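Chains as they are written, first to last, in the entry's author numbering: chain A, 405 to 453; chain B, 207 to 317, 325 to 348, 376 to 602; chain C, 61 to 156, 166 to 206; chain D, 108 to 156; chain E, 1049 to 1394; chain F, 1098 to 1246; chain G, 1296 to 1394.
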């Protein structure tokens, strides 16, 4: 038949994400390991927000 | 199966709108990409095989329900379908995956006077040997199985037929697979040029021979032995003359709605017999009003993303790594008279002699 | 269409449909059905609820609790069902040669059976629809 | 020749009534054949004489 | 200098010019299939056998011919097939460059001698080449060698693509053209397939955030298009199969039915477009008719196999499972995402 | 009940019958619960919200600036108003060709300081930055405006 | 953002019970861009966490470098590295959507 069976109801969910927030506290910019992530430059592009 | 099974589930009735069709199409994408050689990969865990055999058998509706005399169980249950395999498939399915309900089946035998006319008419057309040429159910052993909640014959007919005959057995068809493979790529972003750990793959030399872009790729062959793809392999096709066949491209590109632009970057003039003082000065005030808009070849500071974004027109003029395409005056010999003549603006191309002639986004 | 030896399948037949039935549905117990032919001419109906709330004596520095009742009234909230049934002029002309009449009584009967059974079936649809809309999570 | 009928649902609300639908599908019969090789030597004919 | 001869100089030098390639490879697989077909799925009319009196050379030939009719008496679909299991793959994980010199007809170079040097240079560095004395009036068939080593070798045509393309795109099943196509993406109009094919004014449908990934094989007359289009029949004289052919030819389609029905119909095994009994995968041989199913080929989609930029990187030093890193410093590894995942032991 | 009319070529009937349903439940007799999942209708895509699809706000003085801003914001975004900007119209964005992976989920943005308590985002939170809403019915209905202003 | 409205049935319980069930559709369905609620829409669409005025944070990543773990298995688990960050999925949809 060409009628939609009920019980296939749909649910709407709203989602939130941060965009470019940056941590104020210096002690909050802590790494779990020292030689974990690096690049080729002398200055890491990680302190970069 | 891999397509049909989700159809009867996700299609409510049909005529699903654009979005529903798109979602269904993506679902079939994923379903096929996962479950296509599903038995061989998932042979160690028996339950799921039974689980989706139950799906396939109860996923294909019935047909017309005619039954006056038909094959049936010894218990009398009406058989309803047949599933064909091969010997290996037979053995592994019947090992411990399924269970047998009955070892033989009741079969109709009727549906032979007319077939004897062939023998009597055989020698009749040849010689006088015509007078000499001719001179309810049954119990038959067969494999019956229950899948899900339904009955089915399960056979692997390979000894009864197709054995010791020149004809090959079907169901051992072939499958085509299109492998895609990047070979000489490079990650531009240094933010993406991160190490998982400091001392992963290091050497004894001061400079790491890993900052350099890759020059080849490695992969496993038929028997899993590492093999090489390098640019020298590409030389067999990229070095051909075909790279310089832009003629038809110019033909096609000349037939589109083309708008005027400044000619500061395409026009070439000749010396006017002077001391270059008056020449450049006059060119200076000429260039004051010669610019009617922003020149196209100024935004090279753009990164890859907005460049490849459809908003940039330049893309429809980016066609060949060996050339640049641009708008130039038509019916003008170069070099031309310093005053830029009125002309219908056409499309022309220039050679990318140096690899650096490619724009920096690429 | 070109004639032939036709020959009825001599045993092989096909059915049209599989008729649905209400009381065969497991949901039929959720609803108390009852006939009421004079429903279309009704005006407004209600139902009565009398309820006595249990009371247990409590001795101490609390206000004395007295027996009480409660009364509840409800509405007769009502819906409708409708369907369609199209008949061609040629068929009614035929029923207004005899082989055509036989095939037609057949066609009209098929269509009306279908419409009535739909009506029924849809009854369970309406019932389920109301249960969902009155059911909190 | 197949005549197939489709069940429907009696419905209500802000929708006009829908009409029950017939479908009359026909498929043309596809014809095929097969044959096999069978040879007889001459001397057999000689002996059948 | 970016000219073809100079390009060849850098390529056989070891230098990296600022260009990259995506490569494609069509490989076959020998399977088993499973089928169920309900009870009364096929009405099967049996006619009358008849004998044919034909003369044989040393005798007579009694050929018997019988008429038989099959009709699917199913309102919907009454049977199902399904790929089941691996037999040994009929072909190899080959790595053979598709030499384009096999095609004649393109615009030549100014000097014949430089073309000849180019052909001789590309003669080395490949297991396949046209024979030097230039077979004229023919299909330029390559010379065979001794016995085949490990099955029917595969060919891999190449496509240019910018050095910096989002590697994340290749990490899953994707499309070599850089933008999806196929009628599968429809619902409104009919002459919109070309728009799906070439409209760069509107973004890629698969990635509704950009026009396309490679601007060199996505345009109405892009280098890839001008080079690989079936209608452009540039490689028509070349006798070898093109793994890349099906991916840039706009398939002829009718709009009589909806997308779903023909999607279902064409999904089943179409006639193969490949040569089997050969040993270098020629084009589809004339008069050849063998049944091969082609999934993920009407999908206009391809699969990334296991690969790595560095050998020792490709495996993990554990005497066990293979490597699992993605990128270490600048190199990269692709986890295999094709369904050929838990098979083909290493 | 029957109700008949002539049809385009013949006749057409409609058959109607009433129904009366009443809940004889002192409390609650039925409960619904979601159980499982299907392939999502919309996707987990990205879509920049455009404010140009509405008019009325105080506009920039030099119209060239407004037009240039609209032109340059058209780039970098998929949906956009149709170029000639018809006046007194629905301002419907140009439809594209066949869609790919379901409904494209619109995404809007809210300005907010560079350094906020990121932990507020580590769980269930409120994009208004201030827990609000009816949150059941309190003693006095005037509280809510005080709550959220 | 718009404040809600309440009418009658002073009992908060049977309200919070009643509007909790599927309200009519609020956003377009058949379009590919989620237009406004097309007038006349009659669909039974449930909105948990919506009348509650709530949204959830999905699995979001400030950089693909830390998104995953190179062990053929679980994804990234590190929270804050130097200045970037991860929000581990707190949505009810933490058991589906394979990568």
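Idealized CB from N, CA, C, for every residue including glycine.
Taking CB atoms only, residue 428 (chain A) has a neighbour in chain F less than 8 Å away.
When the alpha-carbon of residue 1221 (chain E) is set against those of E:1089, E:1161, E:1387, the nearest one is in E:1387. When the alpha-carbon of residue 1237 (chain E) is set against those of B:211, B:209, B:224, B:213, the nearest one is in B:224. Under a 10 Å Cβ-count criterion, residue 94 (chain C) is classified as exposed, with fewer than 16 other Cβ atoms of the shown protein chains found around its own Cβ.
According to DSSP, residue pairing for residue 138 (chain D) in a beta bridge involves E:1117. In the same chain as residue 1229 (chain E), and ignoring 5 residues on each side of it, the C-beta atoms closer than 6 Å to its own belong to 1244, 1245, 1348, in chain order. According to the DSSP assignment, residue 415 (chain A) belongs to no beta strand (DSSP E), since it is labelled neither H nor E. Annotated three-state conformation of residue 108 (chain D) is coil, per DSSP.
In the DSSP secondary-structure assignment, residue 1152 (chain E) is not bridged to any residue. Under the 8 Å criterion on CB atoms, residue 1307 (chain G) is classed as interfacial with respect to chain F. If you ignore the 5 residues before and after residue 1121 (chain E), its C-beta comes within less than 6 Å of the C-beta of 1091, all in its own chain and listed in chain order.
The contact set of residue 270 (chain B) on chain C, defined by CB atoms closer than 9 Å, consists of 72, 73, 74, 75 in chain order. Between residue 1231 (chain E) and residue 1302 (chain E), the alpha-carbon positions lie close to 10 Å from each other. Taking every protein chain shown into account, the CB of residue 167 (chain C) has fewer than 16 other CB atoms within 10 angstroms, so this residue is exposed. Residue 1291 (chain E): not part of any alpha helix (DSSP H); DSSP gives it neither H nor E. The beta carbon of residue 567 (chain B) sits no closer than 8 Å to any beta carbon of chain G. Annotation for residue 398 (chain B): 292, 293, 409 place their beta carbon closer than 8 Å to its own, counting only its chain and skipping 5 residues before and after. Counted as a single uninterrupted DSSP element, the beta strand (DSSP E) harbouring residue 1090 (chain E) occupies residues 1090–1094.
The alpha-carbon separation between residue 262 (chain B) and residue 1336 (chain G) amounts to approximately 37 Å. Each residue's CA atom was taken as its position, placing residue 243 (chain B) and residue 1130 (chain E) some 9 Å apart. Taking the C-beta atoms as reference points, residue 463 (chain B) is found no nearer than 8 Å to residue 1060 (chain E). Rounded to whole angstroms, the separation of the alpha carbons of residue 72 (chain C) and residue 134 (chain D) is 18 Å.
In its chain, beyond the 5 residues on either side, 387 have a beta carbon closer than 6 Å to the beta carbon of residue 259 (chain B).
With its beta carbon less than 8 Å from one in chain C, residue 115 (chain D) belongs to the interface. A straight-line Cα-Cα distance of about 29 Å links residue 139 (chain C) and residue 220 (chain B). Residues of the same chain with a CB within less than 7 Å of the CB of residue 1332 (chain G), apart from the 5 flanking positions on each side, are 1320, 1321, 1322, 1323 in chain order.
In this model, residue 1362 (chain E) and residue 1253 (chain E) are separated by some 34 Å (Cα to Cα).
Spanning the alpha carbons of residue 460 (chain B) and residue 234 (chain B) requires a straight line of approximately 29 Å. For the set B:548, B:395, B:404, B:531, the Cα lying nearest the Cα of residue 300 (chain B) is the one of B:395. For residue 1358 (chain G), same chain residues with a beta-carbon under 7 Å away, outside a window of 5 residues either side, are 1379 in chain order. The contact set of residue 1373 (chain E) on chain G, defined by CB atoms closer than 8 Å, consists of 1365 in chain order. Separation of residue 1174 (chain F) and residue 1076 (chain E) (C-alpha to C-alpha, rounded to the nearest whole angstrom) is 42 Å. Among the residues facing chain F, residue 137 (chain C) is included, as its CB has a counterpart in that chain under 8 Å away. Taking a C-beta distance under 8 Å as the contact criterion, residue 1206 (chain E) and residue 420 (chain B) do not qualify as a contact pair. Residues of the region 1321–1344 of chain G with a C-beta less than 7 Å from any C-beta of chain B: 1325, 1327, listed in chain order. Residue 1229 (chain F) is outside the set of residues whose beta carbon lies under 8 Å from a beta carbon in chain A.
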